[PDB]
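Data block below; observations after.
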Amino acid sequence: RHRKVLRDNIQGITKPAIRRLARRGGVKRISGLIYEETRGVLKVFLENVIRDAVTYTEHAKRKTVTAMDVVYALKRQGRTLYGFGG
Amino acid sequence: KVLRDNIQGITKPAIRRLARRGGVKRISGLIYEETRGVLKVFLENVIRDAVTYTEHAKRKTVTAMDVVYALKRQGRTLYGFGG
Amino acid sequence: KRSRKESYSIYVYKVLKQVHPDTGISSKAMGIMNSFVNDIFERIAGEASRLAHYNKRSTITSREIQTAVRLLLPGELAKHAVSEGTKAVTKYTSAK
Amino acid sequence: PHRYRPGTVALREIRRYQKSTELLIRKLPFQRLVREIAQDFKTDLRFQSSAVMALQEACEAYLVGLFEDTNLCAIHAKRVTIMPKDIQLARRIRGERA
Amino acid sequence: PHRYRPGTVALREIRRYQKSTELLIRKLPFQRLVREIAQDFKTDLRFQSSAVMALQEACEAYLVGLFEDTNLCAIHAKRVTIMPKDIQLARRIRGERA
Amino acid sequence: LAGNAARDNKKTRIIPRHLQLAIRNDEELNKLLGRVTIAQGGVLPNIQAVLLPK
DNA sequence: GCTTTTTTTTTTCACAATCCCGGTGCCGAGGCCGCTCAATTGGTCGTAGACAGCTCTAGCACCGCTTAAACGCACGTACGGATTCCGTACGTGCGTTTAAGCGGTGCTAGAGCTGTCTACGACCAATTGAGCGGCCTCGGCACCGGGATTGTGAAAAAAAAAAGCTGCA
DNA sequence: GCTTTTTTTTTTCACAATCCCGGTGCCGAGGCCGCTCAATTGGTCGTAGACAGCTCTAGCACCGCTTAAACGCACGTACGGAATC
Ligand SMILES: [Ca+2]
Ligand SMILES: [Ca+2]
Ligand SMILES: [Ca+2]
Ligand SMILES: [Ca+2]
Ligand SMILES: [Ca+2]
């Protein structure tokens, strides 16, 4: 339906951005091997959080993941999130 | 001595044995007190909740359930005492 | 006298004799199996309770249970768990 | 030609970003990555924009905090450079990972 | 005059205790601790026998588990000997103490 | 507490960051909201000792 | 090449731990007994939610210019880690001491169970105002530029610590 | 105990970065409005649980043996970590 299949967007999570997140965490010096390892971690976070949201969607029969889908999913992973409803 | 600090009843030998079952080889001397500290906070937290249960149920006898229910709240779910 | 406290034990025993008809079981072991069943029953019902609640529905149905189970058990175990809960309902419907 | 000593700018960045709260991942790259991953589980899905923002808030936070744990883990082994093994210990003690 | 080198009984003792399931803390001392600590929240409390054993399974379990994580931190600092700073780090990362 | 961190930041209305600073700097509130994430909140100024210059 | 040391390797002996035999006896899994209540049933009634149809939100695509950020490479410093080496905090194994453990008896607090009675909460319908969505405004706040202030780093020069170099005793 | 350098410390400017103000402008916090549907009133009925009374369970105290475990001390090896590169 008017083109939607996705590319390889994990490299979109650039070394600049991983470096900035490490900076917020008060990290001073970063090894070469962090950035790829970080993307693995990030991917596995997102895979788990979206699987569960996507479930809550498929149950309510929708084809549109709501913020509440993501909220309910995050509370499930013990990662309660404030300021998007619920 | 030998007087009313029951925490000390938790012997070095027994602390050694735990950390064994936990794959520990060589044990610093300072650790047996650190362990003792940590154990108390653990019991304080669990027992406070278990007795909070007890006082609500209007009883003077702490049940094994009261503990079970406490340990669930602390996220330390325990099987085989009434779960 | 002496209270009358229910438990899943007579069923834990029945399943055991399906999977291993000559092996037995201790009271501490049967206490862990009773702790195990009650634990997950509360897990699956609570996640169904909420599912239903999030979708403004009054009834927990077998569908809520099956969505709760995708959520609670890990991939390969959810798969058999659905497969068995589906099959049991089909068989139950089929009978009457 | 003036040149800042290695660490002096890292330390500035560290103060720059701790003071702030704006999201640190580029919003479209992240959005494309949400959508890509979601295909695995169901095709031709729409996301509310708030659902995608809620996901980048929950992600950045999860990593930013893992990087704290990870930094302690570097320092615990008398280092200053966080290494893969640092994350892995952080995650193994958290119990995110066998 | 037979003399086993440092750490060689340790390993025996590890293999030994990991094979077994029996409480490692002496039951009476433990119990005397449980009543000492219970007082600070309510006086003249009675305990079911099984309440104390529920408390002692739970304690050792926690301690054993914490020691695994402690060992891991100590090995992470290229060391063999666990020390308080190992416990404290594993607790910092468990989110047990700030 | 939010409003004090609001005032201390030299602003009239409370925003996420004020709430966060108020929650994380307060011992008990932070325990109560220990496994809770505040969106557009950020982190408390914290830099480990050994990471500083000599 | 030789001899002369450290280090590495191999070989031999000591000792726990396991597994194979022989056994016994205790205690609770197991299963039967005899009562009871919780599962089952067909009936009746009300509304949850399937469904289908309707509205219109908001999610998705596409474009083209602007410029902030990512990108990749040159350059060198401080970091990580290997190696060495020293002091002692730990582990091991003795003999001496301690109190847990066990089995038992005796007392009673208090857990829990039964029946009675009514204060309190569900439920209902009628009543109405608190709080919903809508919509309009003007002041806080985001962004900017310019000037003041703070902190870093190099370069020059000092203060000192440490190193390499002495004769003596 | 020196004479001769490296190591560490100090002081002097140059320069970048961050800080703080007022000015400017846009938009969403705040609030008023008018209408709604959910909270309130006042009523009824039924039962959940408080309560007194009695049962007997299992928790506590105590005691007197028999060890197994804790204890304290001698001794030294392998470890932690300082120092160098
Ligand atoms: Ca035999
Ligand atoms: Ca030393
Ligand atoms: Ca009573
Ligand atoms: Ca409004
Ligand atoms: Ca206003």
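Residues in the structure tokens are named by chain (A, B, ... in the order shown) and by number from 1 within that chain; ligands are numbered from 1 in the order shown.
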
Per-residue nearest contacts of chain H to chain E (10 Å; only C-alpha atoms (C1' of nucleotides)) as JSON lines:
```
{"residue": "H:58", "atom": "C1'", "partner": "E:48", "partner_atom": "CA", "distance": 8.3}
{"residue": "H:59", "atom": "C1'", "partner": "E:48", "partner_atom": "CA", "distance": 7.1}
{"residue": "H:60", "atom": "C1'", "partner": "E:46", "partner_atom": "CA", "distance": 8.9}
{"residue": "H:69", "atom": "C1'", "partner": "E:26", "partner_atom": "CA", "distance": 9.5}
{"residue": "H:76", "atom": "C1'", "partner": "E:6", "partner_atom": "CA", "distance": 9.9}
{"residue": "H:77", "atom": "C1'", "partner": "E:6", "partner_atom": "CA", "distance": 6.9}
{"residue": "H:78", "atom": "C1'", "partner": "E:6", "partner_atom": "CA", "distance": 7.0}
{"residue": "H:79", "atom": "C1'", "partner": "E:80", "partner_atom": "CA", "distance": 8.3}
{"residue": "H:80", "atom": "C1'", "partner": "E:79", "partner_atom": "CA", "distance": 7.7}
```

Could you give me, as a PDB file with C-alpha atoms (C1' of nucleotides), in the first residue's frame, every polymer residue with an atom at most 12 Å away from an atom of ligand 1, counting only C-alpha atoms (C1' of nucleotides) and all ligand atoms?
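Just written: selection_0.pdb:
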```pdb
ATOM      1  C1'  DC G  19      30.932 -46.387  44.513  1.00  0.00           C
ATOM      2  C1'  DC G  20      30.700 -51.149  45.131  1.00  0.00           C
ATOM      3  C1'  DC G  21      29.618 -54.546  48.342  1.00  0.00           C
ATOM      4  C1'  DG G  22      27.390 -56.097  52.958  1.00  0.00           C
ATOM      5  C1'  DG G  23      23.479 -54.358  56.416  1.00  0.00           C
ATOM      6  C1'  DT G  24      19.122 -52.027  59.708  1.00  0.00           C
TER       7       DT G  24
END
```

Could I have chain E as a short mmCIF file (atom, residue, chain, number, x, y, z; two decimals) with N, CA and C atoms, in the first residue's frame after it is superimposed on chain D by least squares, pairing all C-alpha atoms in sequence order?
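part.cif written:
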```cif
data_model
loop_
_atom_site.label_atom_id
_atom_site.label_comp_id
_atom_site.auth_asym_id
_atom_site.auth_seq_id
_atom_site.Cartn_x
_atom_site.Cartn_y
_atom_site.Cartn_z
N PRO E 1 47.90 28.26 18.59
CA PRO E 1 47.13 27.04 18.25
C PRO E 1 46.54 26.35 19.49
N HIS E 2 45.30 26.68 19.86
CA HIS E 2 44.70 26.23 21.15
C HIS E 2 44.21 24.79 21.04
N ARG E 3 44.63 23.94 21.98
CA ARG E 3 44.39 22.47 22.00
C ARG E 3 44.13 22.01 23.44
N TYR E 4 42.87 21.64 23.72
CA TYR E 4 42.42 21.11 25.03
C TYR E 4 42.87 19.66 25.15
N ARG E 5 43.32 19.25 26.33
CA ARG E 5 43.93 17.91 26.52
C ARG E 5 42.83 16.87 26.48
N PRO E 6 43.09 15.63 26.03
CA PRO E 6 42.10 14.56 26.15
C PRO E 6 41.30 14.65 27.45
N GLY E 7 39.98 14.50 27.30
CA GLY E 7 39.05 14.27 28.40
C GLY E 7 38.49 15.57 28.93
N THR E 8 38.99 16.70 28.46
CA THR E 8 38.68 18.01 29.06
C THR E 8 37.44 18.61 28.40
N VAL E 9 37.19 18.22 27.15
CA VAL E 9 35.88 18.48 26.49
C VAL E 9 34.87 17.46 27.02
N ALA E 10 35.22 16.18 27.05
CA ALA E 10 34.40 15.13 27.69
C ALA E 10 33.69 15.78 28.88
N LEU E 11 34.46 16.24 29.85
CA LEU E 11 33.89 16.77 31.11
C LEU E 11 32.92 17.91 30.79
N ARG E 12 33.26 18.78 29.84
CA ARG E 12 32.35 19.88 29.42
C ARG E 12 31.04 19.27 28.95
N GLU E 13 31.16 18.28 28.07
CA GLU E 13 30.04 17.56 27.43
C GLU E 13 29.20 16.86 28.51
N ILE E 14 29.82 16.35 29.57
CA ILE E 14 29.08 15.66 30.68
C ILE E 14 28.21 16.70 31.38
N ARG E 15 28.89 17.73 31.92
CA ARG E 15 28.28 18.85 32.67
C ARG E 15 27.10 19.35 31.87
N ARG E 16 27.35 19.51 30.58
CA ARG E 16 26.41 20.05 29.57
C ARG E 16 25.14 19.20 29.51
N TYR E 17 25.30 17.91 29.22
CA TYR E 17 24.16 17.01 28.94
C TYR E 17 23.44 16.72 30.25
N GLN E 18 24.15 16.71 31.38
CA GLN E 18 23.51 16.40 32.69
C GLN E 18 22.58 17.55 33.10
N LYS E 19 22.95 18.78 32.74
CA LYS E 19 22.15 20.02 32.91
C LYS E 19 20.86 20.01 32.05
N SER E 20 20.86 19.27 30.94
CA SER E 20 19.77 19.32 29.93
C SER E 20 18.88 18.07 29.99
N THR E 21 17.75 18.12 29.27
CA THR E 21 16.66 17.11 29.32
C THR E 21 16.27 16.59 27.93
N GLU E 22 16.87 17.12 26.87
CA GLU E 22 16.38 16.94 25.48
C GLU E 22 16.87 15.60 24.93
N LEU E 23 16.02 14.90 24.18
CA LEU E 23 16.39 13.58 23.61
C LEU E 23 17.73 13.75 22.89
N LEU E 24 18.60 12.76 22.99
CA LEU E 24 19.97 12.82 22.43
C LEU E 24 20.05 12.01 21.12
N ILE E 25 19.14 11.06 20.90
CA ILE E 25 19.07 10.29 19.63
C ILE E 25 18.26 11.09 18.62
N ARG E 26 18.69 11.12 17.35
CA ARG E 26 17.97 11.89 16.31
C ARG E 26 16.63 11.17 16.11
N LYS E 27 15.54 11.94 15.99
CA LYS E 27 14.15 11.45 16.18
C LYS E 27 13.70 10.60 15.00
N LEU E 28 14.08 11.01 13.78
CA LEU E 28 13.69 10.27 12.56
C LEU E 28 14.41 8.92 12.52
N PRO E 29 15.76 8.84 12.58
CA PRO E 29 16.46 7.55 12.61
C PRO E 29 15.84 6.59 13.63
N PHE E 30 15.69 7.08 14.88
CA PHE E 30 15.02 6.35 15.98
C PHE E 30 13.74 5.77 15.40
N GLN E 31 12.82 6.63 14.94
CA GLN E 31 11.49 6.22 14.40
C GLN E 31 11.64 5.13 13.33
N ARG E 32 12.60 5.27 12.40
CA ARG E 32 12.83 4.28 11.31
C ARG E 32 13.24 2.94 11.92
N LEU E 33 13.99 2.95 13.03
CA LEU E 33 14.32 1.73 13.82
C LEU E 33 13.03 1.09 14.40
N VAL E 34 12.12 1.93 14.91
CA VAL E 34 10.92 1.48 15.66
C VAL E 34 10.00 0.77 14.68
N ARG E 35 10.02 1.17 13.41
CA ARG E 35 9.13 0.55 12.41
C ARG E 35 9.79 -0.72 11.89
N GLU E 36 11.11 -0.66 11.69
CA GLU E 36 11.92 -1.82 11.24
C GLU E 36 11.63 -2.95 12.22
N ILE E 37 11.76 -2.67 13.51
CA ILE E 37 11.64 -3.70 14.58
C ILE E 37 10.19 -4.13 14.73
N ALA E 38 9.24 -3.20 14.61
CA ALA E 38 7.79 -3.50 14.74
C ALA E 38 7.36 -4.52 13.68
N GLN E 39 7.87 -4.42 12.44
CA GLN E 39 7.52 -5.35 11.33
C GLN E 39 7.62 -6.81 11.77
N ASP E 40 8.74 -7.16 12.39
CA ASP E 40 9.07 -8.54 12.82
C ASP E 40 7.95 -9.11 13.72
N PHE E 41 6.96 -8.32 14.12
CA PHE E 41 5.83 -8.84 14.93
C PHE E 41 4.49 -8.55 14.26
N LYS E 42 4.40 -7.54 13.41
CA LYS E 42 3.15 -7.32 12.66
C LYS E 42 3.35 -6.29 11.56
N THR E 43 2.75 -6.58 10.41
CA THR E 43 2.93 -5.80 9.17
C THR E 43 1.87 -4.71 9.11
N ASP E 44 2.21 -3.64 8.39
CA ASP E 44 1.34 -2.48 8.05
C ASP E 44 0.84 -1.83 9.35
N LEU E 45 1.71 -1.78 10.36
CA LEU E 45 1.39 -1.14 11.66
C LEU E 45 1.47 0.37 11.49
N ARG E 46 0.52 1.11 12.05
CA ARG E 46 0.64 2.57 12.23
C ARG E 46 0.95 2.88 13.70
N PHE E 47 1.64 3.99 13.94
CA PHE E 47 2.01 4.47 15.29
C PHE E 47 1.43 5.87 15.50
N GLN E 48 0.91 6.12 16.69
CA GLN E 48 0.67 7.51 17.16
C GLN E 48 2.05 8.14 17.23
N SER E 49 2.15 9.44 17.00
CA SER E 49 3.42 10.18 17.13
C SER E 49 3.98 9.95 18.54
N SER E 50 3.12 10.14 19.56
CA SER E 50 3.45 10.08 21.01
C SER E 50 3.83 8.67 21.44
N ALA E 51 3.48 7.66 20.66
CA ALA E 51 3.86 6.26 20.95
C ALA E 51 5.37 6.15 20.73
N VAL E 52 5.85 6.79 19.68
CA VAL E 52 7.29 6.72 19.30
C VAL E 52 8.06 7.51 20.35
N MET E 53 7.52 8.63 20.81
CA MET E 53 8.23 9.47 21.79
C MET E 53 8.21 8.75 23.14
N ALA E 54 7.15 8.00 23.42
CA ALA E 54 7.07 7.21 24.66
C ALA E 54 8.17 6.15 24.57
N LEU E 55 8.35 5.58 23.37
CA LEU E 55 9.41 4.56 23.17
C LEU E 55 10.78 5.22 23.28
N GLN E 56 10.94 6.50 22.94
CA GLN E 56 12.31 7.04 22.82
C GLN E 56 12.74 7.61 24.16
N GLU E 57 11.80 8.16 24.93
CA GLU E 57 12.08 8.59 26.32
C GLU E 57 12.59 7.34 27.05
N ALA E 58 11.84 6.25 26.90
CA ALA E 58 12.06 4.98 27.64
C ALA E 58 13.43 4.40 27.30
N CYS E 59 13.85 4.50 26.04
CA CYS E 59 15.12 3.92 25.50
C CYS E 59 16.30 4.65 26.09
N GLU E 60 16.30 5.96 25.89
CA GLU E 60 17.46 6.79 26.26
C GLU E 60 17.60 6.65 27.77
N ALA E 61 16.47 6.73 28.45
CA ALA E 61 16.41 6.61 29.91
C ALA E 61 17.19 5.36 30.31
N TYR E 62 16.87 4.24 29.65
CA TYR E 62 17.47 2.94 29.98
C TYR E 62 18.96 3.03 29.70
N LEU E 63 19.30 3.48 28.50
CA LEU E 63 20.71 3.61 28.05
C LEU E 63 21.51 4.48 29.02
N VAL E 64 21.06 5.71 29.25
CA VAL E 64 21.70 6.62 30.25
C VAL E 64 21.93 5.85 31.56
N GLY E 65 20.87 5.26 32.12
CA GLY E 65 20.95 4.51 33.38
C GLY E 65 22.01 3.43 33.32
N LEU E 66 22.07 2.70 32.20
CA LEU E 66 23.00 1.55 32.01
C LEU E 66 24.43 2.07 31.96
N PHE E 67 24.62 3.22 31.32
CA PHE E 67 25.94 3.85 31.23
C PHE E 67 26.42 4.22 32.64
N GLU E 68 25.59 4.83 33.48
CA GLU E 68 25.99 5.13 34.88
C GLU E 68 26.60 3.86 35.47
N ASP E 69 25.86 2.74 35.43
CA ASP E 69 26.26 1.44 36.06
C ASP E 69 27.53 0.90 35.40
N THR E 70 27.62 1.10 34.09
CA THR E 70 28.79 0.69 33.29
C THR E 70 29.99 1.49 33.79
N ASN E 71 29.87 2.81 33.86
CA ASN E 71 30.98 3.69 34.31
C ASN E 71 31.47 3.10 35.63
N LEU E 72 30.54 2.79 36.54
CA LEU E 72 30.85 2.36 37.93
C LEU E 72 31.70 1.10 37.90
N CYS E 73 31.38 0.17 37.01
CA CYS E 73 32.12 -1.11 36.89
C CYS E 73 33.54 -0.85 36.39
N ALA E 74 33.66 0.12 35.50
CA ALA E 74 34.91 0.44 34.79
C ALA E 74 35.84 1.10 35.81
N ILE E 75 35.28 2.02 36.58
CA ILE E 75 36.00 2.64 37.73
C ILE E 75 36.35 1.56 38.76
N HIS E 76 35.53 0.50 38.92
CA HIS E 76 35.76 -0.62 39.88
C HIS E 76 36.96 -1.47 39.46
N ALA E 77 37.26 -1.47 38.16
CA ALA E 77 38.40 -2.20 37.58
C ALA E 77 39.55 -1.22 37.42
N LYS E 78 39.68 -0.27 38.34
CA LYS E 78 40.68 0.83 38.31
C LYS E 78 40.90 1.33 36.87
N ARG E 79 39.81 1.55 36.12
CA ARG E 79 39.84 2.12 34.74
C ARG E 79 38.92 3.34 34.67
N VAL E 80 39.12 4.10 33.60
CA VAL E 80 38.45 5.38 33.30
C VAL E 80 37.57 5.23 32.05
N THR E 81 37.96 4.29 31.20
CA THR E 81 37.32 3.99 29.91
C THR E 81 36.34 2.83 30.09
N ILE E 82 35.05 3.06 29.82
CA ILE E 82 34.04 1.97 29.76
C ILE E 82 34.34 1.08 28.56
N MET E 83 34.04 -0.21 28.68
CA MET E 83 34.24 -1.22 27.62
C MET E 83 33.05 -2.17 27.67
N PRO E 84 32.83 -2.99 26.62
CA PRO E 84 31.73 -3.95 26.65
C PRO E 84 31.66 -4.74 27.96
N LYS E 85 32.79 -5.24 28.46
CA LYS E 85 32.75 -6.15 29.63
C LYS E 85 32.18 -5.43 30.85
N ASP E 86 32.26 -4.11 30.91
CA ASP E 86 31.55 -3.27 31.90
C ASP E 86 30.02 -3.36 31.69
N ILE E 87 29.51 -2.94 30.54
CA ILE E 87 28.07 -3.12 30.16
C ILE E 87 27.59 -4.53 30.54
N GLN E 88 28.32 -5.56 30.11
CA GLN E 88 27.84 -6.96 30.20
C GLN E 88 27.73 -7.34 31.66
N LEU E 89 28.69 -6.93 32.48
CA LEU E 89 28.68 -7.18 33.96
C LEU E 89 27.50 -6.48 34.62
N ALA E 90 27.33 -5.17 34.38
CA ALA E 90 26.20 -4.38 34.91
C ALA E 90 24.88 -5.01 34.46
N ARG E 91 24.79 -5.54 33.25
CA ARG E 91 23.57 -6.26 32.82
C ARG E 91 23.49 -7.62 33.54
N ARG E 92 24.59 -8.33 33.71
CA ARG E 92 24.58 -9.63 34.42
C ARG E 92 24.00 -9.39 35.82
N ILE E 93 24.40 -8.29 36.45
CA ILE E 93 24.06 -8.00 37.87
C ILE E 93 22.64 -7.42 37.97
N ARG E 94 22.20 -6.64 36.99
CA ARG E 94 20.79 -6.19 36.86
C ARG E 94 19.83 -7.38 36.67
N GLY E 95 20.34 -8.59 36.45
CA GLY E 95 19.52 -9.75 36.07
C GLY E 95 18.87 -9.60 34.70
N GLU E 96 19.52 -8.90 33.77
CA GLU E 96 18.97 -8.63 32.42
C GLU E 96 19.33 -9.76 31.46
N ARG E 97 20.59 -10.20 31.47
CA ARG E 97 21.08 -11.40 30.76
C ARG E 97 21.67 -12.36 31.80
N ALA E 98 21.54 -13.68 31.58
CA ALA E 98 22.05 -14.71 32.50
C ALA E 98 23.58 -14.60 32.58
#
```

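The binding environment of ligand 4, defined as every protein, DNA or RNA residue with an atom no more than 10 Å away and counting only C-alpha atoms (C1' of nucleotides) and all ligand atoms, comprises residues 131, 132, 133, 134 and 135 of chain G; 29, 30, 31 and 32 of chain H.
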
Please identify all protein, DNA and RNA residues within 10 Å of ligand 2, counting only C-alpha atoms (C1' of nucleotides) and all ligand atoms, and report them as an MDAnalysis selection string.
(chainID G and resid 86:89) or (chainID H and resid 79:82)

DSSP says strand (DSSP E) for which residues of chain D? Put them as a PyMOL selection string?
chain D and resi 46-47+81-82

Name the residues in contact with residue H:57 at a cut-off of 12 Å, using only C-alpha atoms (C1' of nucleotides), excluding same-chain residues fewer than 2 positions from it; report them as a PyMOL selection string.
(chain C and resi 1-3) or (chain E and resi 48) or (chain G and resi 108-112) or (chain H and resi 55+59)

Which is closer to chain A than all the others in F:17, F:10, F:24, F:35, using only C-alpha atoms?
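Nearest candidate to chain A out of F:17, F:10, F:24, F:35: F:35.
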
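The smallest atom-to-atom distance between ligand 5 and any of G:160, G:63, G:68, G:136, using only C-alpha atoms (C1' of nucleotides) and all ligand atoms, is found for G:136.
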
With distances taken over only C-alpha atoms (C1' of nucleotides) and all ligand atoms, which of H:52, H:65, H:75, H:70 is nearest to ligand 3?
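Among the listed residues, H:52 lies closest to ligand 3.
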
May I have all residues of chain E that DSSP, computed from the backbone, assigns to helix (DSSP H, G or I), given as a ChimeraX atom specification?
/E:8-19,27-39,49-76,84-93

Sorted by chain and rising residue number, which residues of chain A lie within 12 Å of chain G, and what are their closest atom pairs and distances in Å to one decimal, counting only C-alpha atoms (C1' of nucleotides), as a tab-separated table?
```
residue	atom	partner	partner_atom	distance
A:1	CA	G:60	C1'	10.8
A:2	CA	G:61	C1'	8.4
A:3	CA	G:61	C1'	9.2
A:4	CA	G:60	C1'	9.6
A:11	CA	G:70	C1'	11.8
A:12	CA	G:70	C1'	10.4
A:13	CA	G:70	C1'	11.1
A:14	CA	G:70	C1'	8.0
A:15	CA	G:70	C1'	8.9
A:16	CA	G:70	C1'	7.5
A:17	CA	G:70	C1'	9.9
A:29	CA	G:79	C1'	9.5
A:30	CA	G:79	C1'	11.3
A:31	CA	G:80	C1'	10.9
A:63	CA	G:59	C1'	11.4
A:64	CA	G:59	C1'	9.1
A:65	CA	G:59	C1'	11.2
A:66	CA	G:59	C1'	11.6
```

Find the residues near residue C:25: any atom within 9 Å, counting only C-alpha atoms (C1' of nucleotides), skip ones fewer than 6 places away on the same chain, and give them as a PyMOL selection string.
(chain C and resi 13+16) or (chain G and resi 29)

Expected file contents, prior selection, C-alpha atoms (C1' of nucleotides), as a CSV table (one decimal), in the first residue's frame:
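Dumped to selection-v6.csv:
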```
chain,number,residue,atom,x,y,z
C,13,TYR,CA,-0.1,-36.1,41.7
C,16,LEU,CA,2.9,-36.8,37.8
G,29,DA,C1',4.2,-40.9,51.5
```

Choose the residue, out of H:74, H:51, H:61, H:68, that has the smallest atom-to-atom separation from ligand 3; count only C-alpha atoms (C1' of nucleotides) and all ligand atoms.
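Answer, going by the shortest atom-to-atom distance: H:51.
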
Using only C-alpha atoms (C1' of nucleotides), which protein or nucleic acid residues come within 7 Å of residue C:9? Drop anything in the same chain fewer than 3 positions from it, and give the result as a list in words.
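Result of the neighbour search: residues 12, 13, 30 and 34 of chain C.
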
Ranking H:14, H:54, H:71, H:20 by minimum distance to ligand 3 and counting only C-alpha atoms (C1' of nucleotides) and all ligand atoms, which one comes first?
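Selected residue with least distance to ligand 3: H:54.
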
Which of these residues is nearest to ligand 5, using only C-alpha atoms (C1' of nucleotides) and all ligand atoms: G:164, G:145, G:139, G:153?
G:139

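Between atom CA of residue B:23 and atom CA of residue B:67 the interatomic distance comes to 27.9 Å.
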